[PDB]
Amino acid sequence: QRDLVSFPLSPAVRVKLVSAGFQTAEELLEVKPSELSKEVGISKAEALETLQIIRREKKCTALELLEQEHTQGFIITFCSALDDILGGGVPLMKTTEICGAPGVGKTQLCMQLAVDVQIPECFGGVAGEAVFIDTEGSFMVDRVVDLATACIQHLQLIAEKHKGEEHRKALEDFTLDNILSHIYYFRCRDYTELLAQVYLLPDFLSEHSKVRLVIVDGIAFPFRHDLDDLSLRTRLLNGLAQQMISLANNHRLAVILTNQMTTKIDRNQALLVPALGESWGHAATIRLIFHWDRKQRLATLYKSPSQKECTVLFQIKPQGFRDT
Amino acid sequence: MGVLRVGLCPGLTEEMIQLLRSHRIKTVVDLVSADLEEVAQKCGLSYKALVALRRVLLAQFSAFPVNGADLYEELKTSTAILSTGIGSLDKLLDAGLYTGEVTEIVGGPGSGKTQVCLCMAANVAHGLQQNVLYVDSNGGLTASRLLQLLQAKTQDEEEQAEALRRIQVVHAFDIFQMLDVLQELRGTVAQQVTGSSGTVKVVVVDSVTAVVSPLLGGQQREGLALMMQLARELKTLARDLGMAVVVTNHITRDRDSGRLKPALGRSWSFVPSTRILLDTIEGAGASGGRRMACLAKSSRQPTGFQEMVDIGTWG
Amino acid sequence: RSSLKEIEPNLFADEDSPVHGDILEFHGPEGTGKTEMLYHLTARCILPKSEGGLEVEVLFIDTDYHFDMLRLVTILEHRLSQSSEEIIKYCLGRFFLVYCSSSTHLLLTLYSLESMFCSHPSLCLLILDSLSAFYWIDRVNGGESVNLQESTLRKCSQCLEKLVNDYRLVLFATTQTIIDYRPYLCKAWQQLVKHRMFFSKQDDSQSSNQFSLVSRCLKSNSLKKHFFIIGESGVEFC
Ligand SMILES: Nc1ncnc2c1ncn2[C@@H]1O[C@H](COP(=O)(O)OP(=O)(O)OP(=O)(O)O)[C@@H](O)[C@H]1O
Ligand SMILES: Nc1ncnc2c1ncn2[C@@H]1O[C@H](COP(=O)(O)OP(=O)(O)O)[C@@H](O)[C@H]1O
Ligand SMILES: [Mg+2]
């Protein structure tokens, strides 16, 4: 017994079918479409499309999942302590969200992750691509060039120190122009454009199967202005989160999202909390917050299903995201 | 009933269905609602064959009520007791968890719902040696945490390797995918009535809110129907096939007008059988694995009892 | 048969007279003592005269699949003054149960169980739990037209009223929530009820046993309030 409500049927065909008095697909499977159309007053096209959509609609256990996640590596951050606290870097097949006060280094982290995703597997990278979707216009090519130059300098240094021929073999292809051609750029100035780009993502990822990272630098800005109806915003945010997690699990990606902080006057001493309400709080697999403390930037893990929350210091150098 | 098929009931022919659908009476519901005398003499059909057909049609479509005592002795052995690692709910649940009920946990961000699900699944798979099916909808599962939890109870590689392969995981991100997965599970277990091993006894849904939350909103009505259908099929699965089903959920408005309440509105409140409201402590002793567990609805024992559960030092 | 004063002084004494047939329904939110109240009513009235009950038979129809054997057995054991292990099986062997999955299934079971009725006359109470569990499904399935909705529900209503008036039975039912209530079913159900009451409970922690009830008696328009206390051994009244 399978109720017809559990199928992606059009409301009209569903309502006329249940008005006829059918409540199981097991007997719709063998009914000839001619008398089917005659009985419920429909044509052949809707009958055949209903039949195919009904008939159209794997067995992986924990061991296979463990093996698969061990096969694919982690995205390096060039911050050793941040890699240690996160289990080895940014995990794949999961949605990661970063919050923080303005001018704290979220865009620098996004740029570094875009650069770091192209490290060859021999050195310990993932060797993939990157997709950058900008909603604020804060993507400057000069900073990316500087970060890539610093990364290639460090990579050459460590390769020379290792003194291994296989390391040299994976460097001539690792040139500035090649790595900087593997970052695909978009720009959505409105939340509708961002949603449309999100709907268009799966085909783009089907075309380019080497992509292993998707960055959406700023999701609060499109949704925090000119939107009086809160329910519509909540529905859009929930749908976007579901689509992003579906994309991450289907294409083996690492979704990176950026958020904003908002002052909350609790008790009498105001403190900063992430924006977009409380329902959005558990829409991301991992949540990270960047503090300021006293002239010292701290990266504190907030929510994760793998590691306990702690605190790690960091700072930004003219070479990019670094530790110490 | 749909169109006439051979084998549905004895003594069926095309003349019968032709005359009945000419008389504006085809389905079983209006045929039995209409008087048997009316169709018998008004249409002139034979009374004996008509009454025999009606009785054999009802009998093969009905559920005959049974006595209570006998089913009680059979349920004495059909049921089972599942322990997770803490007895706070165990004492307040007639000294044992119920296999065949819909229990659920409501908790906010970082509460520990999936941690409870993970530890319970590990305990069920390893200690009691049965297959378990886990359904994830937001990527909340990591196999490293399962391995770490298993290592806290065993130190042998073979046991860890064997335990993992009996935990089946499937990804469903839309309500149609979840419905298809559950229907496939129902069909497979119906086909596996002969077998005695390999049948999953515990079914866990990581998050039922996230899947159905986009479907709500507006002034329409299809989302409520979809969630009610999902609840009905979950209840039928758990009752008929004797499985323990555990789902999670979120909380709603905490303002002055509305107390801390489970999500999905009022209609979802009637669905589950047991509610556990995880919470975090404030002030001294915060952070870490210190979480306050409470029993909101049990419908079997007095409620409103608060306890302590540690996860950081547990497993 | 139709007597409601022998062992019902606490709740249902001074409102009725020995008559032919009646219909009762229950309303209120979740966790209000509904199923516990039905458990009390059925356990108090499933014993023979010598053991304190009425030596009557009750049929159970379940729709929410929330019926629990262990709670009923425990409440029976903790109520029996002569509590023993060998006679509880015989005391509970006068119980009939059936499970329902859909409104069509409910109607088909209703039109099938007449052979059961004619089998035994000892049946004296009929409980239908949560007839409100099939609202949204067919409400959206039937379509925009109101007639296409609750059609099977109207047929079920007429079948139930016929089966309760003709056979001298008593009916109990439970309804969910959507001035203290809202018109939920079709109009065919409002006339059936002989006494309607609402279930309520506040959020006081130290009085988790506290419960409240308010009833409407349309045949007399009498406003009556009742108070009861939940307990492990049963439902206490004061
Ligand atoms: N809505 C939710 N969806 C998924 N997981 C949730 C949800 N709400 C809470 N959690 C879980 O609650 C847990 C509580 O955080 P906590 O840091 O204690 O866990 P942890 O990383 O497993 O800890 P530890 O490794 O020390 O045992 C999180 O790990 C998170 O997975
Ligand atoms: N070329 C550079 N050399 C050194 N520090 C830099 C350089 N470019 C940017 N920074 C520092 O990195 C920080 C970047 O913050 P930003 O990513 O803009 O935060 P947000 O994304 O929240 O606006 C700035 O505070 C700036 O001081
Ligand atoms: Mg920025």
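No value in this document is a laboratory result; all are computed from the given coordinates. We place every Cβ from the backbone using ideal geometry, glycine too, and count neighbours over all the protein chains shown.
The figures follow:
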{"read-out": "Principal axis dimensions, largest first and in whole angstrom, of the range B:68-309 by Cα", "value": "53, 46, 41"}
{"read-out": "Residues residue B:296 and residue C:220, FRET efficiency given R0 of 25 Å [Cβ-Cβ distance, rounded to 0.05]", "value": "0.10"}
{"read-out": "In Hz, Karplus ³J(HN,Hα) per residue of the range B:52-61 (6.51, -1.76, 1.60; θ = phi - 60°; x = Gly, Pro)", "value": "5, 5, 5, 5, 5, 6, 5, 4, 7, 9"}
{"read-out": "Anchor residue A:44: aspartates and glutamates whose Cα lies under 12 Å away (excluding residues fewer than 8 positions away in-chain)", "value": "A:35"}
{"read-out": "Cα shape, the range A:100-236, gyration tensor, a/c 1.5 rule", "value": "prolate"}
{"read-out": "Cα gyration tensor category, rounded, prolate or oblate, for the range C:53-143 with a/c compared to 1.5", "value": "oblate"}
{"read-out": "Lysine pair count for chain C [Cα-Cα under 23 Å; pairs on different chains or 8 or more apart]", "value": "22"}
{"read-out": "For the range A:62-322: rounded, prolate or oblate by the Cα gyration tensor [a/c cutoff 1.5]", "value": "prolate"}
{"read-out": "Per-residue mean of C-beta atoms belonging to partner chains within 10 Å, peptide B:69-78", "value": "3"}
{"read-out": "Within the range B:154-221, trypsin sites (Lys or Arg not before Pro) in DSSP loop having at most 13 other beta-carbon neighbours inside 10 Å", "value": "B:165, B:221"}
{"read-out": "Spatial separation of Cα centroids for the range B:243-315 and the range A:4-29, in angstrom", "value": "38"}
{"read-out": "Cross-link reach list, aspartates and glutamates versus residue A:58, counting only Cα pairs under 14 Å and skipping chain neighbours closer than eight places", "value": "B:136, B:180, B:184"}
{"read-out": "Distance between the range C:174-238 and the range B:97-144 - C-alpha centres, whole angstrom", "value": "37"}
{"read-out": "Angle in degrees between helix B:113-126 and the longest Cα principal axis of chain B, rounded to the nearest 10", "value": "80"}
{"read-out": "Listed pairs A:94/B:297; B:201/B:235; A:16/B:235; B:153/B:261 exceeding 26 Å between Cα atoms", "value": "A:94/B:297; A:16/B:235; B:153/B:261"}
{"read-out": "Two-site label geometry, residue A:178 and residue B:24: point separation in nm, points 7 Å out along Cα→Cβ", "value": "8.0"}
{"read-out": "Two-site FRET efficiency, residue C:8 against residue B:284, from Cβ-Cβ distance with R₀ of 56 Å, rounded to 0.05", "value": "0.55"}
{"read-out": "Reachable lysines from residue B:48, criterion Cα separation under 21 angstrom, eight or more residues apart if same chain", "value": "B:26"}
{"read-out": "Euclidean distance between Cα centres, the range A:179-216 to the range B:154-210, Å", "value": "34"}
{"read-out": "DSSP-defined antiparallel bridges as percent of all bridges, the protein assembly as shown, nearest 5", "value": "40"}
{"read-out": "Compactness index (Cα Rg / 2.2 N^0.38 Å), the protein assembly as shown", "value": "1.09"}
{"read-out": "Calculated [θ] (222 nm, deg cm²/dmol) that DSSP helices of n ≥ 4 give over the protein assembly as shown, each run adding -39,500 (n - 2.57)", "value": "-11000 deg cm²/dmol"}
{"read-out": "Those trypsin sites (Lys or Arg not before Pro) in the range C:128-171 that DSSP places in a loop and that have at most 15 other beta carbons within 10 Å", "value": "C:168"}
{"read-out": "Amide hydrogen neighbours beyond the local backbone of residue A:95, cut-off 5 Å, H modeled", "value": "A:285, A:286"}
{"read-out": "Selection of chymotrypsin sites (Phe, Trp or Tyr not before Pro), the range A:255-299, meeting DSSP coil and at most 13 other Cβ within 10 Å", "value": "A:292"}
